[PDB]
Ligand SMILES: NC(=O)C1=CN([C@@H]2O[C@H](COP(=O)(O)OP(=O)(O)OC[C@H]3O[C@@H](n4cnc5c(N)ncnc54)[C@H](OP(=O)(O)O)[C@@H]3O)[C@@H](O)[C@H]2O)C=CC1
Ligand code: SF4
Ligand SMILES: [Zn+2]
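Residue numbers (the authors' numbering), protein chains in the order written: chain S1, 300 to 448; chain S6, 31 to 101; chain AL, 28 to 154; chain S7, 56 to 213; chain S3, 2 to 186; chain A9, 48 to 377; chain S2, 11 to 16, 25 to 394; chain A6, 9 to 92, 118 to 132.
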C-alpha cells in the first residue's frame, strides 16, 4: 500500500511508528504490522560483512575482502548460470543497480520476489491498481479474484 | 529481573520490586480507596482512586500497595 | 587526643573552644557534638570533635547530625536516628573519592567497573 | 628496600607532604561567577590564610591553579599559557560547573566543555556556585590528595 | 505611558521616511527605511521637544522568512521629557546601513556587536572588527540558521603544544524537546 | 574485528582498546595522543607517582584514558592491567641503568613477560613493540643488544607482533637535543665524541607516532614485520650539532674528546652504581652506553621496510621538529 | 608605545606614563547567553538572568519577570511586589558593598573588604534562607516569587539593618575623609552630563555628573512610588562623588528595606492564575486541573502573545534592560540584554584619557565592570 | 575605516585591487608571524591568494563583492594578529556509509 507513516525515534533507535494523513493512500489509519514492525529493527540485525569458512562458521571480514571474494567467484563462473534475486523490500535504486551489475557481468537472470516465470510485465495498466483508492471509493460493485485484502 | 538488573548491578541488597512484593496487601472495607503514598497527603503522590471489584489485589500504580476489598 | 594539638593547631582551636561547652551528643562513629550558648557569637555555638584526630574529614558527619551541625534543625541526631526509615537504607560512608578504585564510584560503562555493560541498543545476528 | 631505610624514607616523605600541604599557594583564575564565591571563601568567615592558602598573583610563584568560572574559547589559550608557567609541582582545582563540564553553557559556541580539555585538573568542586564551605572542602581534599605523595620513595625505588 | 513626544514627533517629523508607526503600551515603535535612519535620529536627537539624546541600545532580530531577514532596532531614551522610543529598519546580509556613531558615540560597540552576531555592516563606522566571539570566528552566531553549538570546538593538542580548533564532535547531543501545543493558536 | 562507531576525532569509538606500556615517556605522550585522537580507548599503565600520566588524561574523551597502577615485576598486576586490552603497545625502556633495573631486566625480561601475557590472553589482536634502530646482537652497546634480544624473543613467543625500530627521536621532550642545548647554554660549548664524524638518521617523534598508528591500521600486511624508521636524510653528529647551534643562534663550540677518554670518564658511574645503595644522578650526556652506541653508525640497512614501504614520508628536520629550541634563545 | 594587560584584557597607548588611549578586549567571557535563551523556555531562561551581572543577582530576575509580565499582562500580588522590592534592595546593598570594597582593594585599602564580606555573608544567608542557594537564587519568577518568606526573616533583616547602619557609618569613617583616598579619587575620570548622555551611562555613572534622573522615580515599576526614599546626585562627576553616591544609595536601600519590612502585607506570593503560575504541591496532588496545569507548565511554558518590548530596571550597576521579542510560542524568539557595563566600558576610553595606570584601574573600579553582563 | 557600498563594477574592481595590494604588503609580516620559511614560497603564497581571488569571479553583485572584501580584510587582520587508484567513490565506501 505504501501507507505514509511518521517514525518517532529518540537517538539511534526507532521508538514508535504512527500514521500520518494521506487521503490518496491511507486517510489516517495504519495496520498492526506497519505500526509495530519497528521492534524487529533491533533484533537479528546484520552489522558486519561475513564469509563462511571451510568449517561452516562465519568469520567477519572487511568490505574490501568481501567484495574481492565475491568478484573473484563471479568472474570464475560462466555468465549464463548467474542469477540475481531482489528481496521483498527493495528500493528502485538498489534494484536497478543489481540489474545493471548482473547485466554487465553477462547474466540476464535478474528477477524480483513474488514474480512468476511467465509474467507479462509490459503494461503498467496491466499490473497496477488503475482505479486507485479514490476510484475504489467511487466504485459500486467489486469482484475480488485471487486476493484476500 | 531483567529490568532490575538493567538499572542496578549491586545484586546483593534487596531490590524495590522484592520489597514491594513483600509488603502485604492492605485490606479495606469499602469498594473504593484513596491511595496517597504515606500518612501525609502533601508528602506522598497525587491521589489515586482504585476499584476493587476484581478478586485479585489491585496495584495502586503509585507506590503500589495492593489494596484488597474486605468481603 | 591532646598531643595532636601541637602539630595540628586546628584541634587546638577546637579544644580551646570546648572549655565552657556542653556535650549535647555523640554519634555511633565516635563524633562528639558540642553546643555552647551564652556569650558566644551566632556562627560558633555548635560544633563537632570527629574523634579521629589523625585524618578527620568534613564528610564524616552522618546525615542524622548534619542538619543540627549546619543549623538547619533544632533536632539533635538522636531524634533523627529514632526516625530513621526501615526496610531500606544504607550506612553513612565518607567521601573517599581517591582512596581506591575499588572504593570510588564507577559508571556502568567505565573500564574500571567490575562489570562493564555494552551500550548499542541493538542485538546482532550472532551466528 | 629494607625496613629501617623504608621507615626513614616514610618519615622524609611525611615531612615533604606536610610542608607542601601546609604551604599551598593557589592562584585564582577568576572568570564568570564562581570568583565572587571564591572571594567569599577568602573572606573573614571561611578564612583560607589559616590553612596556609594565600593567593599569589604571579603564576611563577603559585602552587595550584584554581579555575573558577566559565572557560571561553577566547580565553582557553590564555589559561593554558598561564598554566604552563607554573612550577612543576602543580595542581588544579576546577570550581563550579562551567569549569567542570561546561555547566549551564555546555551546548554553546565559544564555551570550553570543562577546563579538563585544556589543563589536567586534579580536583573538581561541584556546585553552581559551590558554597564557600564546599570550595574549602575541595581545598582540604587537595591537601589530602597531596598528603599521599611518596616522591622520595618513588625516587629511591627506580 | 508618556506618549507625548511620540505624537509630537509624528506631528512634526517629515512624513517621507515614516514607513510605519505603532502606538503600544509595550513601547512606541517607528519603522523606517535604512536610507533615512541617520537623518531621523539626527532630527530626534537635536530637536528641542523630542530630545532623545541618549541611545539605550541597538539590537538585531533574525527573520529567515522575510526577504530582508535582519531587523535592526534602536532603543532610545529622552531624559528631559522622560520617555522611551524605538526606531527600527530592515537589512539583509549584503547591504550596508548607515552608522550613527557620529550622533551617539556609544553606538560603536553595539554596532560592532550587531556585526558580530548577524553580519549587518555599517557604512561610517570608525572600525568594525569583531568584539564578542573568538578571534578568527567564521560565522555569525545569532543567525537562526547558525547551529546552537557552533561548528568548531577547541582542545589542547600536546604535540602542537597549543590549543587547537577542531570541528565539533560533541557527546550528548542537544535534545530538542517539542513542547508546542496544537491548541495554542 | 575492531568496529568504528563515529565520524572520528574526539568522542568517537574506533573499536580499539590499546594498553600502552611505557606511555609516560617521550614517545608515550605522542602515541597516546594519536590513539585518543583516533577515538580509541587508551589504558595507560603507570609505575610510580599518580601524577605521571596526568597530562595523558587531557588528550582523550571522558573515560577514554584510564590510568592503572601496577608493579612491573608483578605478573598478576600485569595481567590485571591487560585484562580489558584489545591491542598492546610496548615502549618500556630506559637509556641508563639503576641498582634495581639493568638493561637486560628493563628491556629483554619485560618484553618477554609482555609477550607471554599477550599470548596467554587470547583477546590481543595487535602487539606493537618499539626498539632502537641499531638493535643488533653484534652491536657494541649493551642496551642495543638487550633490545635486539627482546625483539627476537617477542617474535619467537608471539609471531603476530610488529616491531618498530625508530632511530634517535627529537622533539620537545627528547633526550639529545635538549641536553646539547642545555650544555651549550651553560658552558658555551658541547662535547663531540670521536670528532663527531659518525652518522645517524634522526626521526621526528610525531612522524614515529603516525607510523605506529598506520601500523595499527594496517589491513593485515604487517602482522610479523619489523619496520626501520629514520629521517629523510643522513645527519652526522657534527651536522646535527651545527643545526642545533643555528637554531639557537649561538656560536658553535666543540672540544671533540676522543673515545678512550670519554669511556674513561663515563666508566666510574657503573661501578659506583653497583656498589653504593643510594641512587646516582642520571647520565644526560656522559653515558657509557651512549658512547658504545656511538662507536658504530646507526642508519637504515636499505633492506628492511622503511617509511616509504609503510606509506608516510618522513619530515625534514629543519623548522618543524626543531621549533622547540627557540625557547632555549637569547 | 602599546602596553598590553591580560578576564580583563586592555591595551594602552602611553607617551610619558600618561594614558593617551585605552582599548578593552571583552569577548573573553562570551557564552552565547542570548542564543541559549532563544533555544530555551522562559522559566529555563530565568537562570541565565541569574548568571548575568552576578554581583547583583535578583535585579536581573526582576527585569526579566517585569518584561515577561509586560508581554503577558498578569497582575502580581502586593506581598510578592513588596518582597521583590525588599530583595532587590538587598541585592543593591550587596552590589554596592562589593563594588566599593573591590575598588578600595584596587586602590590599596585592603581591610574594609572583609568587613563588607561579613555583611555580604549575612545577606547571602538571607538569600539562602529565603531560597535555594546563596547566589544565583532563582527566587523571582514571572507573576510573583518562587516561595514565601520563612518565619523570622523579617526580624533577622531588621537586626541586620541596624548593625548595617553602624557598618556603613564605620566604612565611611575609614574611607571618606582619608587624604590618600581623596588623592586617589577626586578629579579622576570626570564625566560631563553631556558626555554621559552621549555614551549612554546609567545609574551612579550617570547621576555622578548630576543629570538628576533615576529609573525608580521616572518609571516606578514597584511599590517604589510609595517608599519616599532619596536619590543622591553628584555636583561634579568624578570617582569621589560616585563613591559618595554609592554610600548614600546604600543608606537609602536600608531605608527602603525598613519601609518594606514595616508595610509588607499578608496575602499570596504569586499570580492567582494557574495558567501562568504553577500551582502548589498540595493543589497539584489533590486537584485534577491543578495537576494538568502543573504538568503543562513544567513541560511546556506559558505562551506569551506575540509582541516585542523593552523593559528596563534600576539595577545597582545602572539601567539593566531586556528586549524581548516573541512569536506566540513557549520560547522567546529574541532576547537582547542591555547591561550597564557595556556602555561604561566604552566610556573607559575617554574617561581614562591623559590619566595614568593607577587612574585607569581606579576608573575601572568606579565603573564596576562585571564581565558576565558585558559579555551577555 | 569602512566605506559605503560600491555602486559600480569599476569601483568594486578598484577595491579588490586595493585589498590585493594590502595582502601583498602584509605578506612578509606573516613570514615572521608563522615561521614556515622552509616550504613557504612567498611567491606561491601570492599565487594562492591570486587563485582565491580568481575562483571568486562567479560573483557579480557589487554588494557581495564588498562583503567578501570586508571579510578578507578581517581575515588578513586575524592572520596578522596570529590566529590560525580505486576512484574517489570506493575510498569513501570503505571509510563510512555517510559520504
Ligand atoms: N633515545 C630515544 O629516544 C630512542 C628510543 N628508542 C626506543 O624506544 C623506547 C622508548 O623510548 P622513550 O619513550 O622515548 O623513552 P622513555 O624512557 O622516556 O620511556 C619509557 C617509559 O617507561 C618507563 N620506564 C622506564 N624504566 C622502566 C622500568 N624498569 N619499569 C617500568 N617502566 C619503566 C619510563 O618512566 P616511568 O617509570 O616514570 O613511566 C617511561 O614512562 C626506548 O626504550 C628504546 O628502546 C628508539 C630510538 C630512539
Ligand atoms: S558554575 Fe555556576 S556559579 Fe560557577 S561560573 Fe558557572 S554559572 Fe557561575
Ligand atoms: Zn499509591
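Where a beta carbon is used, it is the ideal one built from N, C-alpha and C, also for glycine.
C-beta neighbour in chain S3 for residue 63 (chain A6), strict 8 Å = Residue mapping note: residue 63 (chain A6) aligns to position 55 of the eighth chain, counting from 1. With 8 Å as the cut-off, residue 63 (chain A6) does not count as an interface residue toward chain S3.
task = Give the C-beta separation of residue 67 (chain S6) and residue 74 (chain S6) to the nearest angstrom, bearing in mind that I take them to be a contact with Cβ-Cβ under 8 Å.
result = Translated into the one-based positions of the second chain, residue 67 (chain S6) becomes position 37. Translated into the one-based positions of the second chain, residue 74 (chain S6) becomes position 44. Yes, they are in contact, since the Cβ atoms of residue 67 (chain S6) and residue 74 (chain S6) sit about 2 Å apart, within 8 Å.
ask   = At a Cβ cut of 8 Å, what residues of the segment 295–307 of chain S2 count as close to chain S6, listed as they run along the chain?
value = 299, 300, 302, 303, 304
query = For residue 334 (chain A9), is the classification buried or exposed, using 16 other Cβ atoms within 10 angstroms of its Cβ as the cut-off for buried?
reply = On the sixth chain, residue 334 (chain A9) is found 287 positions in, with the first residue counted as 1. The residue is buried, with at least 16 neighbouring Cβ atoms inside 10 Å.
ask   = What distance in whole Å lies between the Cβ atoms of residue 348 (chain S2) and residue 319 (chain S2), which are believed to be in contact at a cut-off of 8 Å?
value = One-based indexing of the seventh chain puts residue 319 (chain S2) at position 301. One-based indexing of the seventh chain puts residue 348 (chain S2) at position 330. Confirmed, Cβ separation roughly 4 Å.
message = At 4 residues or longer, what runs of the alpha helix (DSSP H) sit wholly inside the segment 50–113 of chain AL?
response = You should have 90–96, 104–109.
ask   = Taking 8 Å as the CB-CB cut-off, is residue 48 (chain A9) touching chain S1?
value = Taking the sixth chain and counting its residues from 1, the one referred to as residue 48 (chain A9) is at position 1. So, interface residue.
query = Just the residues with CB closer than 5 Å to a heavy atom of ligand 3, in chain order, which are they?
reply = 65 (chain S6), 90 (chain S6), 92 (chain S6), 93 (chain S6)
inquiry  = Please report the distance separating the alpha-carbon of residue 203 (chain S7) from that of residue 87 (chain AL).
reply    = Position 148 of the fourth chain, counted from the first residue, corresponds to residue 203 (chain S7). Position 60 of the third chain, counted from the first residue, corresponds to residue 87 (chain AL). In a straight line, the C-alpha of residue 203 (chain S7) is about 19 Å away from that of residue 87 (chain AL).
key: For residue 124 (chain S2), three-class secondary structure by DSSP   = For the purposes of this step, residue 124 (chain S2) is taken as the residue at position 106 of the seventh chain. Reduced to three states, the DSSP call for residue 124 (chain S2) is helix.
message = Please report the straight-line C-alpha distance between residue 208 (chain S7) and residue 329 (chain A9), rounded to a whole angstrom.
response = For the purposes of this step, residue 208 (chain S7) is taken as the residue at position 153 of the fourth chain. For the purposes of this step, residue 329 (chain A9) is taken as the residue at position 282 of the sixth chain. Their backbone Cα atoms lie some 17 Å apart in a straight line.
ask   = Which one of 168 (chain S7), 84 (chain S7), 127 (chain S7) has the shortest CA to CA distance from residue 118 (chain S7)?
value = On the fourth chain, residue 118 (chain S7) is found 63 positions in, with the first residue counted as 1. When only C-alpha atoms are compared, the closest one is 84 (chain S7).
inquiry  = On the criterion of 16 or more Cβ atoms from any shown chain inside 10 Å, does residue 391 (chain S1) qualify as buried, or is it exposed?
reply    = Residue mapping note: residue 391 (chain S1) aligns to position 92 of the first chain, counting from 1. With fewer than 16 Cβ atoms within 10 Å of its Cβ, residue 391 (chain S1) is classed as exposed.
Closer than 8 Å at the beta carbon, the chain AL residues around residue 357 (chain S1) = Position 58 of the first chain, counted from the first residue, corresponds to residue 357 (chain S1). Simply 154.
ask   = Measuring CB to CB, does residue 127 (chain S7) end up less than 8 Å from residue 54 (chain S2)?
value = Reading the fourth chain from its first residue, position 72 is the one you call residue 127 (chain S7). Reading the seventh chain from its first residue, position 36 is the one you call residue 54 (chain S2). No, the Cβ-Cβ distance between residue 127 (chain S7) and residue 54 (chain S2) is not below 8 Å.
ask   = Name the residues in the segment 79–95 of chain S3 whose C-beta lies less than 7 Å from a C-beta of chain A6; which are they?
value = 95
query = Helix or strand or just coil, what does DSSP make of residue 107 (chain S7)?
reply = For this step, residue 107 (chain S7) is matched to residue 52 along the fourth chain. It is coil, neither helix nor strand.
query = Cβ of residue 171 (chain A9) within 8 Å of Cβ of residue 65 (chain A9)?
reply = To locate residue 171 (chain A9), count along the sixth chain from 1; it is residue 124. To locate residue 65 (chain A9), count along the sixth chain from 1; it is residue 18. Taking 8 Å as the Cβ cut-off, residue 171 (chain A9) and residue 65 (chain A9) do not qualify as a contacting pair.
inquiry  = Given 7 Å as the limit, tell me if residue 124 (chain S2) has its C-beta closer than that to any heavy atom belonging to ligand 1.
reply    = Residue 124 (chain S2) sits at position 106 when you count from the first residue of the seventh chain. No, the beta carbon of residue 124 (chain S2) sits no closer than 7 Å to any heavy atom of ligand 1.
request  = With 8 Å as the threshold, decide whether the Cβ of residue 342 (chain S1) is near any Cβ in chain AL.
outcome  = The sequence position of residue 342 (chain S1) within the first chain is 43, counting from 1. Yes, its Cβ sits closer than 8 Å to a Cβ of chain AL.
Residue 150 (chain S7) - DSSP class collapsed to helix/strand/coil = If you number the fourth chain from 1, residue 150 (chain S7) lands on position 95. Here residue 150 (chain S7) sits in strand by DSSP.
Beta-carbon proximity check, residue 95 (chain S2) vs residue 285 (chain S2), cutoff 8 Å = The sequence position of residue 95 (chain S2) within the seventh chain is 77, counting from 1. The sequence position of residue 285 (chain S2) within the seventh chain is 267, counting from 1. Yes, these two residues count as a Cβ contact at 8 Å.
message = I want to check one thing, is the minimum distance from the CB of residue 163 (chain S3) to the heavy atoms of ligand 2 below 7 Å?
response = Here the question's residue 163 (chain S3) lines up with position 162 in the fifth chain. Flag unset: Cβ of residue 163 (chain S3) not near ligand 2.
request  = Say whether chain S7 places a C-beta atom closer than 8 Å to the C-beta of residue 135 (chain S3).
outcome  = Numbered from its first residue, the fifth chain carries residue 135 (chain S3) at position 134. By this cut-off, residue 135 (chain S3) is an interface position.
Three-state secondary structure (DSSP) of residue 301 (chain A9) = Position 254 of the sixth chain, counting from 1, holds the residue named residue 301 (chain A9). In this structure, residue 301 (chain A9) counts as strand in the three-state DSSP scheme.
ask   = Under a CB-based cut-off of 8 Å, is residue 137 (chain AL) close to chain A9?
value = Indexing the third chain from 1 puts residue 137 (chain AL) at position 110. Chain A9, which has a Cβ nearer than 8 Å to the Cβ of residue 137 (chain AL), makes this yes.
ask   = What number of angstroms, rounded off, separates the C-alpha of residue 369 (chain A9) from the C-alpha of residue 254 (chain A9)?
value = By one-based count along the sixth chain, residue 369 (chain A9) stands at place 322. By one-based count along the sixth chain, residue 254 (chain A9) stands at place 207. In a straight line, the C-alpha of residue 369 (chain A9) is about 14 Å away from that of residue 254 (chain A9).
query = Which partner residues does residue 89 (chain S3) have in the DSSP bridge list?
reply = Within the fifth chain, residue 89 (chain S3) is the residue found at index 88, counting from 1. The partner list for residue 89 (chain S3) (beta bridge, DSSP) reads 32 (chain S3), 74 (chain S3).
request  = Taking residue 78 (chain AL) as the query, report the chain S7 residues whose CB atoms sit under 7 Å from its CB, ordered along the chain.
outcome  = As a first step, residue 78 (chain AL) is located in the third chain; it is residue number 51 there, counting from the start. Result: empty, since nearest Cβ-Cβ is about 18 Å, beyond 7 Å.
ask   = Is there a Cβ from chain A9 that is less than 8 Å from the Cβ of residue 347 (chain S1)?
value = Residue 347 (chain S1) sits at position 48 when you count from the first residue of the first chain. Residue 347 (chain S1) counts as touching chain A9.
Chain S3 within 8 Å of residue 291 (chain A9), Cβ atoms only = In the sixth chain, residue 291 (chain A9) corresponds to position 244, counting from 1. By this cut-off, residue 291 (chain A9) is not an interface position.
query = In whole angstroms, what is the alpha-carbon distance linking residue 72 (chain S6) and residue 294 (chain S2)?
reply = Indexing the second chain from 1 puts residue 72 (chain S6) at position 42. Indexing the seventh chain from 1 puts residue 294 (chain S2) at position 276. The straight-line gap from Cα to Cα measures roughly 22 Å.
task = Write down the C-beta distance between residue 341 (chain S2) and residue 110 (chain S3) rounded to the nearest angstrom, noting that I regard them as a contact closer than 8 Å.
result = Position 323 of the seventh chain, counted from the first residue, corresponds to residue 341 (chain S2). Position 109 of the fifth chain, counted from the first residue, corresponds to residue 110 (chain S3). At roughly 16 Å, the Cβ-Cβ gap does not stay under 8 Å, so residue 341 (chain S2) and residue 110 (chain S3) are not in contact.
request  = Determine, using beta carbons only, whether residue 178 (chain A9) and residue 210 (chain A9) come nearer to each other than 8 Å.
outcome  = Position 131 of the sixth chain holds residue 178 (chain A9). Position 163 of the sixth chain holds residue 210 (chain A9). Yes, Cβ-Cβ distance for residue 178 (chain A9) and residue 210 (chain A9) is below 8 Å.
Nearest candidate by alpha-carbon position, reference residue 57 (chain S7), set 336 (chain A9), 337 (chain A9), 325 (chain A9) = Translated into positions along the fourth chain, residue 57 (chain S7) becomes position 2. That would be 325 (chain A9), whose Cα lies nearest to the Cα of residue 57 (chain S7).
request  = Kindly indicate if chain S6 contains any beta-carbon less than 8 Å away from that of residue 114 (chain AL).
outcome  = Residue numbering aside, residue 114 (chain AL) sits at position 87 when the third chain is read from its first letter. Yes, because at least one Cβ of chain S6 sits closer than 8 Å to the Cβ of residue 114 (chain AL).
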